[PDB]
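Protein chains in written order, with the working numbering: chain X, 111 to 551; chain G, 111 to 551; chain D, 111 to 551; chain Z, 111 to 551. Cβ coordinates follow ideal geometry from the N, Cα and C atoms, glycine included. Quick notes on the structure that follows.
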Ligand SMILES: CC(C)[C@@H]1NC[C@@H](O)[C@H](O)[C@@H]1O
Ligand SMILES: CC(C)[C@@H]1NC[C@@H](O)[C@H](O)[C@@H]1O
Ligand SMILES: CC(C)[C@@H]1NC[C@@H](O)[C@H](O)[C@@H]1O
Ligand SMILES: CC(C)[C@@H]1NC[C@@H](O)[C@H](O)[C@@H]1O
């Protein structure tokens, strides 16, 4: 039994399933997916923040962008939907006509994912379940359906874990002015006791209805409601000890940390569980303006995943579905591509632990990542060397055997000074896909 | 960009327009203006506080007075409207049948005023704009009109600044017991988190709808809502840096202080901007029981204004209109009288600064006030001496010239010991109105 | 770098060396060791708390007991040292004339311990290092020696980790009234800002002088100083990431929990690292009145360690040295005995992890505990069965090889229903010592 | 009287003398001035902060640098003074044998300064007055003299205002670990209630002994002592209303803001009084390694002052004296040079106000700054144009007379489009020094 106080909640550590999962699917889906439009400006951390909100590459920020007159979104909206078309009207157009939760679940499973987390309420405040605290929801409007619950049921029947994303820190139904600068986030927030109660009642509602495996909050938690989390976390863990909580609440407790390119991404081994998140594209919500050139290739997804995992993290990859419930082909192809790689190399990923070091590189610059399972060390090349002779810089092994992972073939290697040389027959090199993988015992 | 914290908000100083304005018009108008009745007991600070609330001279406190059985208001009400007539019923009688916002604006402008501030919500909680947070408002009841917005538009078209008064500290729709003693104010207040949210949402609403030049709160701010003001003030100033806030919030920040006879009235020069407020009569809301004997004369208004200004303050003069929207003749005549004096002497008032001292008096007791504009010093007599020889006590001038302000005529004067003697030709003395004014360079 | 806030400090998890150490030695030593006397009443949780402080079995509480007149301690003190001998005078008799820190360290190492933690300051406030914050210390009085520093050097020379115990919660140099009842602890505390500063400064000094591997506070941290720990913990971890802190500070952070018979002792597997502590006898400080009847036998010590380890904990076993610095024979014998068992079976203890369950028992009630190392599961019997046929209740092994641990001999086994039968030749059983140990892969 | 609460303290605004002073002299002087050594790396905001503390260009940070072994400072110290020479020993070498406070004051006055502020205590905690709170001060050690008091008398004899700098935020007499990275500042602080008392007591003592015209704190105020400032500020203002405080306390109140190149430097007109500070060179304390290459030229100093003044600020220019109390020639030359320009053009600087805009430039890019005195607008060119025809971009004058400032000669000008043309006879241009100055009425 957990008690409602930070010192007692510290007894809850990240559950084993999460630590072993390594790969999950994020889903940003809502009424913003209907217009599904943003200018693909660039990546966060690379686009200047004095312009970011004025040319926001996140399609799910459509409403905020629309509130900024003459932003590209405003022009687009006016020309496409007209001035007499309020954002909320998109809830009636969000019909999810072609949604099939079992197909989604089957796809996520085939992609190699072990948990799924959809946006139950994003910044626009629209709720994707039949909440009793607002009528701005999927059961009363557009879909006429409990999207969260129906997806939960499908994800679980496919054997995957199910978490929930909730925008606790922002809700545009409680503010009128848009965020134009990063600094506006320090004061343009709901700010009321009423909003703190609402956020508390809704996350408790999600806990009671769906008992999620992960509570993924975003944008911090209302300051007036922070003390409520001691009770909410105890209430939650006492009903589901294997549940978990991310680190975006702004209180002392969390089970795992979160990182993005610009924030908290480690260069080497941290001593705590974390999770890296990013979209297949530059937006989280569907953006019809994105082409393959704005997306990671299957190879980059694999490398991203390997890097993350070798550093002790899980990858939470975001998918942005359309308003009709379909997953765009460009995204689906990248998911299947990753799932194929995982079906071959999954044993060197799932259930692994970090090694003594995460990283190395060859003499000719190919990057290498390591993962471990007891006595077995997985050596994962981000790429496949062309020549059979391979020199890994600054590494020596006290193992007695190095095998080619996929074929299981013993290989010849020797510590040559401060480096490690391994001979990989070209036949073997040709059997690998995207990554040459070795196994040392 | 202002940040939501007291130290950063300190960077916002009183805007120049307010400092230069000197004279504004307060308007206490609401459903209490229909019965428009109070016993004209006396001035605040002069009437004993153990009786004040039982024989309240403020007609806008009608509801509170009515809740005190057998107070004069209760007797009056029962005899006039009857016991089966609840105070709220006055909202349906408040029809503002003869209201013309442009006439009001024209009158205020002719009176010499530079800003106007109406009660958007007084203690009775009735709102004079179409707020979405209560149906007890002017758009839904009586007037069927947005009084605040329509007046805002007129005041601005006449070139005047527009502020809003809001009763943040008291709202009788949230309490049942009347205030009978000053000490009752320490505990008979809304007190709930709900009320703090409401006050916050309504002032933010006024900011978003009308973007006022002044936020004039009264009776303090709900304790549970004080931290909200850091955000509200930043939000406000970032949309209108030339806006301003009075000092009745009970938090660290304010742009100017407020004073009344009994409170904070300076005797000499303070080092900060302030504003003196009082009604033309003894009430703020219309009181049909007041006669000329309960009101300041045009002369007393002028003297009051001069004294205030010479001490660095602005005068915020209150007008109490009738339920039909007309301004009673006694008040209108006093406003025009003041406006006439200002049209002649305005250059020695508007845009001035305090001098080294505010005050002096003649050998025969006539009071004198000073104001300044760079090298010009205005010497304003509260009255017009009868003899041509004038001896100002304890004053010497290092100027090289003293002129009669209205005619511009050079005058003969000399420092005679510790006094100053000036000869003012009787012809000149006869050209002045209410105040003999001199100009020294 | 760690930051001074609980959220950031949560990133520091229990260091891997502590997790793997399993066994440490506690040392309560101080001026109270000179009289070294207490009435050996019983185990905590077994003695009525209405009498506990009056017949305190803890010799280190001598001073508090001495302050309760007519306690057995007061009678003994008066008769032995005299009514005029003030407790503090024991600091002049605490000479540690026969102390050899290298001998202690070698004994602790032979005992099988991996870390050692002496009392740097217990409740009587006497400090065993040359602290600059009080003259009541071992450098200025008694030993004329830095005992903590010399012990630290020796323990480290021996290859063991070194931590410090500090009585943050109690310091009788700041109070005059004794603790008579449990409830007295809620208010007979130093209570001042001065003491909060003093505790902070002394632990900071311990960190700067000795950079201990464990900060083991006792009796809570002064309330006025709790916020300081955010800074102390960050400072400490930033200088020594592999350092650790216990859970007796009363703030949100800790790396491991502590338990005693009556407190926090788990029945099965908790999800966090914890540590069980108890003495060899009934007191922590040396008690000349204890004989073998009041101490655990070597067998009981082994069973204790095994049970704690099978449940994820470390055993922190206390030694109470005499005033001359020697360790009594009865304690030294039990230490060497435990050390011989660990030399034989250490591989089933050190560096292990918990299995799916901690416990089981045979058909004739012999208790069994499990520990794990990757694929190897160690089955430790709390005792040595007499017959070769062994039936383990409610246990089935999906292993494929069960071996006698000491000889490595393969054994015959079979999952018979909900049980597991195993035959162990008596010659193998006769080779074991105190515990039969099997190994399953 | 001012009251001890932020709301009441807000009544105190920046004193008129500070607003008009425009230029003051900062003095970093202390025991660190004896070694007077640092590696002149670069300007703050220009040097990478990951190396900053390791190659600190600030000689006054000698002690912190000395605590980082293998810093250039440590190498220099060992070779010059010896490994056994503890930093504190510099207090015995700080003799100020050639110090003449009257000479310093006269130089500061000739330099054109109106106020002077010496370091009473910098981060090393050494106090330059006979404080009763520590023996580490100039009366008991080194100079055997009250330097702050003798300097105060001299500065005032010279007719200048006198303030005090105090390192409230840092005191290395309360810490042992050096600051290596910016982040270290969040926790390597005194942190105790004792230090909070100490800082309060010392500033109170400075107020009581010297009643300074400015309290210039640095590095924030200890968190546990922030509430004390309400009382300290009231106490101070009630004894000296014309006193002032800077903005580095971390509490709601301040009279003026402070800025440095990298911090708070305005691009145009802010609405509050502020002050720019920087040294003549790259260090604040004397650095024997700096030559003319690391210092501002007289021209650059003038351009600096003018720019800061046209934007509403005061320039607080730092001088770093040697350990013997003399001011190095290179700094004295630049001071006298600036003083000669102010003797010629001071009327366009002292007692001025900002105009409608601070800035403009000529067609060939000469920068121009404006200042104002009632009707007189001063047009200060940052340089002296070579040809007589001058075209000012985007400027139109509704004046009627433009005169050469130095000679008073009336000049020919014309608003030509969005620009202003002016002809300035070369004989007038040749009469100017460093800056061409015009005057428009
Ligand atoms: C990382 C991801 C969850 C993003 N968090 C910040 C949000 O503003 C954005 O829409 C998206 O949800
Ligand atoms: C000064 C004026 C604004 C008065 N403030 C106190 C109120 O109770 C009263 O009705 C009136 O508004
Ligand atoms: C467990 C052990 C460290 C005990 N803690 C409580 C103290 O009062 C007692 O003397 C002993 O140190
Ligand atoms: C601006 C000046 C007063 C500097 N403030 C920061 C200090 O660390 C530095 O030594 C110097 O005093």
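- Against chain Z, a Cβ distance below 8 Å from residue 237/G picks out nothing, because the smallest value is about 28 Å.
- In summary, the residues of the stretch 286-306 of chain G whose CB is separated from some CB of chain X by less than 8 Å are 303, 304, 306, in the order they occur in the chain.
- In this structure, DSSP gives residue 228/D an extended state, which the three-state scheme calls strand.
- Residue-level contact check: residue 484/G touches chain Z, since one or more beta carbons of chain Z fall below 8 Å from its beta carbon.
- At a Cβ-Cβ threshold of 8 Å, residue 423/X and residue 384/X count as neighbours.
- Per DSSP, reduced to three states, the secondary structure at residue 283/G is helical.
- Along the stretch 372-403 of chain G, the positions whose C-beta sits under 8 Å from a C-beta of chain Z are 380, 381, 382, read in chain order.
- In the structure shown, residue 133/Z adopts extended strand secondary structure according to DSSP, grouped into three states.
- Neighbours of residue 121/Z in chain G, taken as residues whose beta carbon is under 9 Å from its own, are 367, 380, 381, 382 in chain order.
- Under the three-state reduction of DSSP, residue 304/X is assigned to helix.
- Within chain X, the residues placing a beta-carbon under 9 Å from that of residue 113/G are 293, 296, 297, ordered along the chain.
- Under DSSP, residue 489/G takes part in a beta bridge, and its partners are 480/G, 548/G.
- Excluding sequence positions up to five before and after residue 165/Z, its CB lies within less than 7 Å of the CB of 149, 151, 182, all in the same chain and listed in chain order.
- Taking 8 Å as the threshold, the shortest C-beta distance from residue 182/G to chain Z does not fall below it.
- Per DSSP, residue 507/G has no beta bridge partner at all.
- Counting along the chain, no alpha helix (DSSP H) covers residue 389/Z; the unbroken beta strand (DSSP E) around it starts and ends at 384-389.
- If you compare the alpha carbons of 361/Z, 356/Z, 525/Z, 505/Z with that of residue 369/Z, the shortest gap goes to 356/Z.
- It is roughly 11 Å from the alpha-carbon of residue 305/D to the alpha-carbon of residue 302/Z.
- Taking 8 Å as the CB threshold, residue 364/G lines the interface with chain Z.
- Per DSSP, the beta bridge partners of residue 326/Z are 275/Z.
- Going by C-alpha positions, residue 499/Z is about 45 Å away from residue 268/G.
- For residue 233/D, the CB falls within less than 7 Å of some heavy atom of ligand 3.
- If the five residues before and after residue 511/Z are omitted, its C-beta is found closer than 6 Å to the C-beta atoms of 551, all from its own chain and listed in chain order.
- Distances between the C-beta of residue 149/X and the heavy atoms of ligand 1 are all 7 Å or more.
- Note that the stretch 378-396 of chain Z does not touch the stretch 284-304 of chain Z; fewer than 3 beta-carbon pairs, one per stretch, sit closer than 8 Å.
- The contact set of residue 355/D on chain X, defined by CB atoms closer than 7 Å, is empty, because the minimum CB distance reaches about 12 Å.
- Going by beta carbons, residue 377/D and residue 234/D fall outside the 8 Å limit.
- Taking one beta carbon from each stretch, the stretch 128-138 of chain G and the stretch 111-120 of chain G have fewer than 3 pairs nearer than 8 Å; the two do not touch.
- Here the C-alpha atom of residue 501/G lies approximately 5 Å from the C-alpha atom of residue 531/G.
- For residue 514/G, the three-state secondary structure derived from DSSP is strand.
- In this structure, ligand 3 has no non-hydrogen atom nearer than 7 Å to the beta-carbon of residue 372/X.
- Residue environment: residue 373/Z is assigned as exposed (fewer than 16 neighbouring CB atoms within 10 Å of its CB, all protein chains considered).
- Using beta-carbon distances, residue 337/Z does not count as an interface residue toward chain G, since no partner is under 8 Å.
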